[PDB]
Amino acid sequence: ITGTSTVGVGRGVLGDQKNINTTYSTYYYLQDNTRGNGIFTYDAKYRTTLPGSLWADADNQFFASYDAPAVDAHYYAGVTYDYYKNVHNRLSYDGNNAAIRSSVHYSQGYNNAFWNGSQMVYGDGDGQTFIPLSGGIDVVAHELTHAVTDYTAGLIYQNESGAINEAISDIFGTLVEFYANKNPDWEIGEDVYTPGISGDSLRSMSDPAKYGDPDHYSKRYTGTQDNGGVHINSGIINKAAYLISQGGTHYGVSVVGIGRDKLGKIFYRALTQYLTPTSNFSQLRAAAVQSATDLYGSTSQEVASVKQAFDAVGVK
């Protein structure tokens, strides 16, 4: 809508207070005019019709329990936007400042979040497996990164291409979490997963096997579940990314870590320049190697660590 840009205040899913960019026109709306063509957050009102209604509030204060997932969806979409802009010189997911839209309160007891081709969507969870999923910064960035991938490499959502797609979303979700510096880690979804269990998460990048996911190519899932294991075989690539950044010795192969900024630059370049819709793990290795070469030179430590990391997870 047309209106006046202002700043509201509210509480997120985890009870933290934060300011949010809003728009005033009779009501205060969750519409952030300060980033690209705008960031818009909607209420799906426990239904499955999308997007639902643009979030409207009477007093620009968002402290109701019902407000919390909208606050976080709105705020963390903003943070993710800032990450891609400030760190990668990318303007929104399409690179031309496309409007970012999110709906919360999707369905009832819905233990999921997704990117539907046009917008982000967050369930409230059932209160046992998940609390509202927009409460996790890595979750929000993971979803927005699907949009980025769709508009760039266009990796199809099956088999190894699909698993790369997932890993890219896990990689950048994590890098956004570190960028915001709010209890950052190499785990996925820990902030909103299983409120009755501390210390766990949906996935681990540092040790995927912790939650049943493969950390080596030899252990890859070859069946037909999960579109050929896109959420499973992503562990192989996640582990590789972790190793590139942090270093370590994995199945006897040692890797010198080059840090997360360089990890981000190498993978962002691979994603936006060399990956294709049907790229497999081997092609990803080649793309990451070419990216690191482009950025740091053929004989660099960066290139050598990329190679070591893929070697470590058995990807040639």
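From 1 onward, residues are counted along the sequence shown.
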{"query": "Selected stretch [higher average CA B-factor]: 286-294 or 52-60", "finding": "286-294"}
{"query": "Of 94-102 and 193-201, the stretch whose C-alpha atoms average the higher B-factor in the entry", "finding": "193-201"}
{"query": "Residue with highest C-alpha B-factor in the PDB entry, from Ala77, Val230, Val71, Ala209", "finding": "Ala209"}
{"query": "Top residue by Cα temperature factor, when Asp226, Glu143, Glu187, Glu166 are compared in the entry", "finding": "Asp226"}
{"query": "Entry-reported Cα temperature factor of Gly135, expressed as the chain third it lands in", "finding": "middle"}
{"query": "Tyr251, C-alpha B-factor rank within chain (lowest, middle or highest third)", "finding": "highest"}
{"query": "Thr6 by Cα B-factor - lowest, middle or highest third of the modelled chain", "finding": "lowest"}
{"query": "Within-chain third of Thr152 by Cα B-factor, per the entry", "finding": "middle"}
{"query": "Chain-wide C-alpha B factor ranking for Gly264, given as lowest, middle or highest third", "finding": "middle"}
